[PDB]
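Participant: The structure is given below, and queries will be raised subsequently.
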There are 2 protein chains.
Amino acid sequence: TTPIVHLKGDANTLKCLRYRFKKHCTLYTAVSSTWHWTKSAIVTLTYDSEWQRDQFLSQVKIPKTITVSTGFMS
Amino acid sequence: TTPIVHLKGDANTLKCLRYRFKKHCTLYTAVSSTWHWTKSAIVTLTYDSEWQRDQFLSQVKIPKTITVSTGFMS
């Protein structure tokens with residue numbers, strides 16, 4: 001239903017990314033606060049479509065030290 | 001790849017659920033800290049398979065006030 005992305009890594013790095021993502025606020029529906037399994041930190045992003053998700057990923061520069069995983073929700 | 005679930009609602013309710021979930025720790029791979037879009041609160045759970053996800057949902061009692069959504073990650 002809804003395409004999602006998980007960005008996993010350094011909490012500080014994720015905080016910087018969320019800051020940078022504000023420059024492309026129309027490229028995603030929502031971005032979460034930083035969470036963890038309870039270790040690395042994780043941020044979840046939701047999108048309006050697979051196209052928007054790819055437009056977002058094609059425009060934002062994500063460090064190689066951050067793991068990008070894609071998925072879908074209902 | 002990996003089946004996931006999002007439990008959305010009252011942070012206090014989610015905290016109680018995480019406490020109760022510890023009684024069925026083998027029914028899930030991991031459960032997250034409570035996060036939010038940045039409003040309701042959300043907890044993410046990951047599983048080893050669709051079967052485990054259903055075994056988990058068939059055993060835990062989740063309040064009707066909590067929205068349960070399913071999805072998958074890579």
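By order of appearance in the structure tokens: chains A, B, ..., then residues from 1 within every chain, and ligands from 1 in the order shown.
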Please tabulate, as a Markdown table, the residues of chain A that come within 9 Å of chain B, each with its closest pair of atoms and the distance in Å to one decimal, counting only C-alpha atoms and ordering rows by chain, then residue number upward.
Facilitator:
```
| residue | atom | partner | partner_atom | distance |
| --- | --- | --- | --- | --- |
| A:1 | CA | B:71 | CA | 8.6 |
| A:4 | CA | B:73 | CA | 8.4 |
| A:5 | CA | B:73 | CA | 8.3 |
| A:6 | CA | B:73 | CA | 8.5 |
| A:30 | CA | B:37 | CA | 6.3 |
| A:31 | CA | B:37 | CA | 5.8 |
| A:32 | CA | B:37 | CA | 4.3 |
| A:33 | CA | B:38 | CA | 5.6 |
| A:34 | CA | B:35 | CA | 7.0 |
| A:35 | CA | B:33 | CA | 5.8 |
| A:36 | CA | B:32 | CA | 5.6 |
| A:37 | CA | B:32 | CA | 4.3 |
| A:38 | CA | B:32 | CA | 5.2 |
| A:44 | CA | B:37 | CA | 8.6 |
| A:45 | CA | B:37 | CA | 8.8 |
| A:69 | CA | B:74 | CA | 6.0 |
| A:70 | CA | B:74 | CA | 5.9 |
| A:71 | CA | B:73 | CA | 4.1 |
| A:72 | CA | B:71 | CA | 5.5 |
| A:73 | CA | B:71 | CA | 4.1 |
| A:74 | CA | B:70 | CA | 5.9 |
```
Participant: Please run DSSP on the backbone and report, as a PDB file with C-alpha atoms, in the first residue's frame, all residues within chain A that come out as alpha helix (DSSP H).
Facilitator:
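Now in selection04.pdb:
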```pdb
ATOM      1  CA  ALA A  11      21.799   8.665  15.460  1.00  0.00           C
ATOM      2  CA  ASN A  12      23.802  11.840  14.807  1.00  0.00           C
ATOM      3  CA  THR A  13      24.051  11.015  11.121  1.00  0.00           C
ATOM      4  CA  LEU A  14      20.299  10.367  10.993  1.00  0.00           C
ATOM      5  CA  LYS A  15      19.648  13.708  12.715  1.00  0.00           C
ATOM      6  CA  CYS A  16      21.720  15.478  10.065  1.00  0.00           C
ATOM      7  CA  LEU A  17      19.807  13.661   7.314  1.00  0.00           C
ATOM      8  CA  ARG A  18      16.416  14.647   8.741  1.00  0.00           C
ATOM      9  CA  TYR A  19      17.695  18.234   8.763  1.00  0.00           C
ATOM     10  CA  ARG A  20      18.834  17.932   5.147  1.00  0.00           C
ATOM     11  CA  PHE A  21      15.574  16.200   4.137  1.00  0.00           C
ATOM     12  CA  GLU A  50       7.123   4.164  -5.483  1.00  0.00           C
ATOM     13  CA  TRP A  51       7.902   6.988  -7.885  1.00  0.00           C
ATOM     14  CA  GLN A  52       8.106   9.553  -5.082  1.00  0.00           C
ATOM     15  CA  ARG A  53      10.310   7.174  -3.078  1.00  0.00           C
ATOM     16  CA  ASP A  54      12.728   6.923  -5.988  1.00  0.00           C
ATOM     17  CA  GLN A  55      12.615  10.658  -6.662  1.00  0.00           C
ATOM     18  CA  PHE A  56      13.558  11.137  -3.012  1.00  0.00           C
ATOM     19  CA  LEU A  57      16.429   8.625  -3.160  1.00  0.00           C
ATOM     20  CA  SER A  58      17.699  10.035  -6.448  1.00  0.00           C
ATOM     21  CA  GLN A  59      17.925  13.522  -4.947  1.00  0.00           C
TER      22      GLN A  59
END
```
Participant: As an exercise, work out the distance from CA of residue 40 (chain B) to CA of residue 40 (chain A) in Å and give it to one decimal place.
Facilitator: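 It comes out at 23.8 Å.
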Participant: Taking the backbone alone, and naming residues the way the document does, which bits of chain A are strand (DSSP E or B) by DSSP, as JSON, numbers by chain?
Facilitator: {"A": [2, 3, 4, 5, 6, 7, 8, 9, 30, 31, 32, 35, 37, 41, 42, 43, 44, 45, 46, 67, 68, 69, 70, 71, 72, 73]}
Participant: Kindly save the residues from that selection, with N, CA and C atoms included, as an mmCIF file, in the first residue's frame.
Facilitator:
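Printed below is part_27.cif as written:
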```cif
data_model
loop_
_atom_site.group_PDB
_atom_site.id
_atom_site.type_symbol
_atom_site.label_atom_id
_atom_site.label_comp_id
_atom_site.auth_asym_id
_atom_site.auth_seq_id
_atom_site.Cartn_x
_atom_site.Cartn_y
_atom_site.Cartn_z
ATOM 1 N N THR A 2 1.548 1.486 1.120
ATOM 2 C CA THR A 2 2.419 2.646 1.250
ATOM 3 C C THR A 2 3.894 2.236 1.251
ATOM 4 N N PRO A 3 4.688 2.812 0.335
ATOM 5 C CA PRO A 3 6.111 2.466 0.285
ATOM 6 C C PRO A 3 6.825 3.106 1.472
ATOM 7 N N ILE A 4 7.707 2.360 2.123
ATOM 8 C CA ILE A 4 8.445 2.929 3.241
ATOM 9 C C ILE A 4 9.929 2.656 3.092
ATOM 10 N N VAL A 5 10.719 3.419 3.830
ATOM 11 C CA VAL A 5 12.160 3.248 3.824
ATOM 12 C C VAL A 5 12.638 3.315 5.263
ATOM 13 N N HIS A 6 13.661 2.525 5.565
ATOM 14 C CA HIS A 6 14.281 2.530 6.880
ATOM 15 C C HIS A 6 15.720 2.966 6.629
ATOM 16 N N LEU A 7 16.178 3.963 7.379
ATOM 17 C CA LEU A 7 17.557 4.431 7.280
ATOM 18 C C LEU A 7 18.160 4.018 8.609
ATOM 19 N N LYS A 8 19.181 3.172 8.559
ATOM 20 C CA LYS A 8 19.791 2.672 9.779
ATOM 21 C C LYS A 8 21.252 3.073 9.958
ATOM 22 N N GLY A 9 21.577 3.552 11.152
ATOM 23 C CA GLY A 9 22.940 3.952 11.432
ATOM 24 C C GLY A 9 23.110 4.826 12.658
ATOM 25 N N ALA A 30 6.105 11.456 5.269
ATOM 26 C CA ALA A 30 6.488 11.677 6.657
ATOM 27 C C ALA A 30 7.826 11.030 6.997
ATOM 28 N N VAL A 31 8.489 11.566 8.018
ATOM 29 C CA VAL A 31 9.760 11.031 8.482
ATOM 30 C C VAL A 31 9.624 10.907 9.997
ATOM 31 N N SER A 32 10.051 9.778 10.543
ATOM 32 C CA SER A 32 9.924 9.537 11.980
ATOM 33 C C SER A 32 11.038 10.087 12.841
ATOM 34 N N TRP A 35 14.397 5.953 16.284
ATOM 35 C CA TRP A 35 14.099 4.866 17.208
ATOM 36 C C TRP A 35 15.156 3.775 17.144
ATOM 37 N N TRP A 37 15.856 -0.752 18.282
ATOM 38 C CA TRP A 37 15.280 -2.019 18.716
ATOM 39 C C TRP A 37 15.502 -2.135 20.220
ATOM 40 N N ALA A 41 20.734 3.131 15.277
ATOM 41 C CA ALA A 41 19.503 3.913 15.313
ATOM 42 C C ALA A 41 18.797 3.790 13.967
ATOM 43 N N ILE A 42 17.493 4.042 13.960
ATOM 44 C CA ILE A 42 16.704 3.928 12.744
ATOM 45 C C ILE A 42 15.685 5.054 12.582
ATOM 46 N N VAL A 43 15.452 5.442 11.331
ATOM 47 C CA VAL A 43 14.468 6.458 10.987
ATOM 48 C C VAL A 43 13.603 5.860 9.876
ATOM 49 N N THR A 44 12.293 6.039 9.987
ATOM 50 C CA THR A 44 11.371 5.518 8.987
ATOM 51 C C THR A 44 10.788 6.667 8.168
ATOM 52 N N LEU A 45 10.677 6.468 6.859
ATOM 53 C CA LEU A 45 10.082 7.472 5.983
ATOM 54 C C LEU A 45 8.965 6.797 5.217
ATOM 55 N N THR A 46 7.896 7.540 4.969
ATOM 56 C CA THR A 46 6.769 7.001 4.231
ATOM 57 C C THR A 46 6.600 7.839 2.959
ATOM 58 N N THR A 67 22.626 2.466 6.190
ATOM 59 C CA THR A 67 21.984 1.394 5.448
ATOM 60 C C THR A 67 20.569 1.813 5.062
ATOM 61 N N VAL A 68 20.260 1.683 3.776
ATOM 62 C CA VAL A 68 18.947 2.032 3.245
ATOM 63 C C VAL A 68 18.199 0.754 2.883
ATOM 64 N N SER A 69 17.036 0.560 3.491
ATOM 65 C CA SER A 69 16.227 -0.618 3.218
ATOM 66 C C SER A 69 14.847 -0.141 2.801
ATOM 67 N N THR A 70 14.251 -0.823 1.830
ATOM 68 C CA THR A 70 12.925 -0.451 1.351
ATOM 69 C C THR A 70 11.889 -1.529 1.680
ATOM 70 N N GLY A 71 10.632 -1.113 1.745
ATOM 71 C CA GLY A 71 9.552 -2.031 2.043
ATOM 72 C C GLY A 71 8.218 -1.368 1.788
ATOM 73 N N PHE A 72 7.145 -2.012 2.234
ATOM 74 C CA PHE A 72 5.799 -1.482 2.055
ATOM 75 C C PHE A 72 4.930 -1.797 3.262
ATOM 76 N N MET A 73 3.968 -0.922 3.532
ATOM 77 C CA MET A 73 3.026 -1.113 4.629
ATOM 78 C C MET A 73 1.630 -1.161 4.019
#
```
